[PDB]
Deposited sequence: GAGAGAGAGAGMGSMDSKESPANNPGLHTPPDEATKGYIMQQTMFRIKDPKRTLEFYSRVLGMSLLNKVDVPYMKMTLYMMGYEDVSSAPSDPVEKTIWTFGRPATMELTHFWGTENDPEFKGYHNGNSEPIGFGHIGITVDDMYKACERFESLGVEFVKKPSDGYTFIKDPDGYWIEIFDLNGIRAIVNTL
């Protein structure tokens, strides 16, 4: 296959046994205002607030977001946090206190203009027509990419659209 080590210099297979059980747990973005951020990730994207971790000594709050049923999460706060950090595919949205009130705060950089680096996260939806119609109805900002309230890029795709691209 085109994914084989012979076709991909540097690819190491099989994974070392010491790594088995590692999970890709989070992607962290710095965010200006938790009110706008919470509304975007929870209302527009459908994620749940898995955990809010205030870190007073660092003047910051971590909002852990993801696609989970929090009605069945552990009720004990410590065990709910441990549960959160066992879940793959979360967002860590970091609010440094005061950015939302500082008239000199210049904004966070999204990686897609110089200096370039970070690209985007991407969400698999059921149907790109339905998803985009609904985003328009909610007043979402479009760059297929939408933008969160700090300007980070969020790619949207469905499996039928992927199949059509791969087939050309």
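In this chain, the deposited residues that lack C-alpha positions fall in the ranges 1-16, 160-166, 192.
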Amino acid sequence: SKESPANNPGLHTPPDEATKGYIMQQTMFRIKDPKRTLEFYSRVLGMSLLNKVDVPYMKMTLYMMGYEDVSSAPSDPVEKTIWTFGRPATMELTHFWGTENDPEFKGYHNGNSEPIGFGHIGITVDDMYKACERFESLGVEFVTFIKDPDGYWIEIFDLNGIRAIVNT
From here on, numbers count along this sequence of modelled residues.
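Stretch comparison (98-106 versus 54-62) by mean CA B-factor in the PDB entry places 98-106 on top. In this entry, the higher average B-factor at the C-alpha atoms falls on 71-79, of the pair 86-94 and 71-79. Sorting the modelled residues of the chain by their CA temperature factor places residue 43 in the lowest third. For residue 151, the recorded CA temperature factor ranks within the lowest third of the chain's modelled residues. In the PDB entry, a CA B factor belonging to the middle third of its chain's modelled residues is recorded for residue 36. When the modelled residues of the chain are ordered by their C-alpha B factor, residue 123 lands in the lowest third. Among the modelled residues of the chain, residue 49 sits in the lowest third by CA temperature factor in this PDB entry.
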